[PDB]
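Asks: Let me give you the structure first, and then I'll get to my questions.
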Amino acid sequence: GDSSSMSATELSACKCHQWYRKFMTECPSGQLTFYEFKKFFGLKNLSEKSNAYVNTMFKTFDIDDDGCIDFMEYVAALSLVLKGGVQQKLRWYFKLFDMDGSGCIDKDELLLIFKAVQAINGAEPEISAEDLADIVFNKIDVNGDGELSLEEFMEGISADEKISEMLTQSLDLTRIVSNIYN
Ligand SMILES: [Mg+2]
C-alpha cells in the first residue's frame, strides 16, 4: 500500500499470515470496515470505481454475516488466494456470490452482487459478472421459481469451465494491488 514504499507486488506475492497476524496484533476489534480496508491500501479515494470495488469486494468477502471484515474473513481470503488447489477454490467460490449464510439463489440479489463485482471492471472488456450471469441463466432453468441451487453452480461449472476458470482467474494479488495504485 501507500506506506514506507516497499515493493507492493512482491509483498502480495509473498503475503502469508503476516497480514492476518498483523491485524490481530494491531487490534482485535472483531470486524474491520471499509475505512480499515482503505487503511491498508493507499489512495483513500482514487476513484468512484475503486469505491465500488471495495463495496463489491467487501460483499464478496463478507461471506459470513455482516458487510465488514470479520475475524477469519481476511485469513480465509489469504488462505484461498494462496496457490493451493484450483478445484478447492471453486468450492470456496460457491459459498460466496450468494446470499449471506449460503443457501439457494435467485434472479435479483445475485444481479446486484454481480453488478458491484462487475462494477470494479467491465464495459470495454465486456467481462462483467452480470453479462456472464445472463448467459448462465439461459439453458440452466430448473423450475418456475427461477431459483438456482448449489446444483446449478456446480452444474454450470461441469457443463463448462469458462465461468469456473473466470472466477479462479479473477482472483489475484498484484493485479489487485497494481489496479489500486493506478
Ligand atoms: Mg462480512
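Labeling convention for the C-alpha cells: chains A, B, ... as they appear, residues from 1 per chain, ligands from 1 in order of appearance.
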Under the rule of at most 7 Å, produce a per-residue listing of region 65-119 of chain A near region 18-38 of chain A: chain, number, name, the closest pair of atoms, and the distance in Å, as a tab-separated table, using only C-alpha atoms.
Replies:
residue	atom	partner	partner_atom	distance
A:68	CA	A:33	CA	4.8
A:69	CA	A:32	CA	4.7
A:70	CA	A:31	CA	4.2
A:71	CA	A:30	CA	5.8
A:74	CA	A:20	CA	6.4
A:75	CA	A:20	CA	5.5
Asks: Throw together the list of residues within 8 Å of ligand 1, counting only C-alpha atoms and all ligand atoms, and drop it here as a list in words.
Replies: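 Taking only C-alpha atoms and all ligand atoms into account, the residues around ligand 1 at most 8 Å away are residues 31, 58, 59, 61, 62, 63, 64, 65, 66, 67, 68, 69, 70 and 73 of chain A.
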Asks: Atoms to include: N, CA and C atoms. Write the selected residues as a short mmCIF file (atom, residue, chain, number, x, y, z; two decimals), in the first residue's frame.
Replies:
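Below is the file result_9.cif, written as the result:
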data_model
loop_
_atom_site.label_atom_id
_atom_site.label_comp_id
_atom_site.auth_asym_id
_atom_site.auth_seq_id
_atom_site.Cartn_x
_atom_site.Cartn_y
_atom_site.Cartn_z
N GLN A 31 -14.22 -6.77 13.78
CA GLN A 31 -14.52 -6.60 12.36
C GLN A 31 -14.00 -5.26 11.84
N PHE A 58 -16.09 -6.12 -0.48
CA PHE A 58 -16.46 -6.46 0.88
C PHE A 58 -17.64 -7.42 0.86
N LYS A 59 -18.58 -7.16 -0.04
CA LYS A 59 -19.76 -8.00 -0.17
C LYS A 59 -19.37 -9.43 -0.55
N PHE A 61 -16.36 -10.78 0.01
CA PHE A 61 -15.54 -11.33 1.10
C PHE A 61 -16.35 -11.45 2.39
N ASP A 62 -17.51 -10.81 2.43
CA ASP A 62 -18.36 -10.85 3.62
C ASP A 62 -18.72 -12.29 3.97
N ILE A 63 -19.01 -13.08 2.93
CA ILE A 63 -19.36 -14.49 3.11
C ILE A 63 -19.24 -14.91 4.57
N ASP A 64 -20.17 -14.47 5.40
CA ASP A 64 -20.13 -14.83 6.82
C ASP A 64 -21.33 -14.25 7.57
N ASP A 65 -21.50 -12.94 7.52
CA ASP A 65 -22.61 -12.31 8.22
C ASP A 65 -22.78 -10.84 7.82
N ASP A 66 -22.00 -9.97 8.46
CA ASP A 66 -22.08 -8.54 8.17
C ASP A 66 -21.29 -8.18 6.92
N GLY A 67 -21.30 -6.90 6.57
CA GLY A 67 -20.59 -6.42 5.39
C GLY A 67 -19.16 -6.00 5.73
N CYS A 68 -18.80 -6.11 7.00
CA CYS A 68 -17.47 -5.73 7.45
C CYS A 68 -16.54 -6.94 7.46
N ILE A 69 -15.24 -6.68 7.48
CA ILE A 69 -14.27 -7.76 7.51
C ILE A 69 -14.23 -8.36 8.91
N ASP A 70 -14.68 -9.60 9.04
CA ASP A 70 -14.72 -10.25 10.34
C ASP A 70 -13.53 -11.18 10.54
N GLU A 73 -12.20 -13.88 8.28
CA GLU A 73 -12.61 -13.50 6.94
C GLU A 73 -11.40 -13.11 6.08
#
Asks: In terms of the shortest atom-to-atom distance over only C-alpha atoms, which of A:162, A:17, A:176, A:5 is closest to residue 72 (chain A)?
Replies: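 Selected residue with least distance to residue 72 (chain A): A:17.
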Asks: From the DSSP assignment of the backbone, select every residue of chain A that is alpha helix (DSSP H), and format the answer as a count of residues only.
Replies: 104
Asks: Run DSSP on the backbone of this structure and report the residues of chain A it assigns to strand (DSSP E or B), as a ChimeraX atom specification.
Replies: /A:31-32,69-70,105,148
Asks: For CA of residue 103 (chain A) and CA of residue 150 (chain A), quote the distance in Å rounded to one decimal.
Replies: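 Between CA of residue 103 (chain A) and CA of residue 150 (chain A) the gap works out to 7.8 Å.
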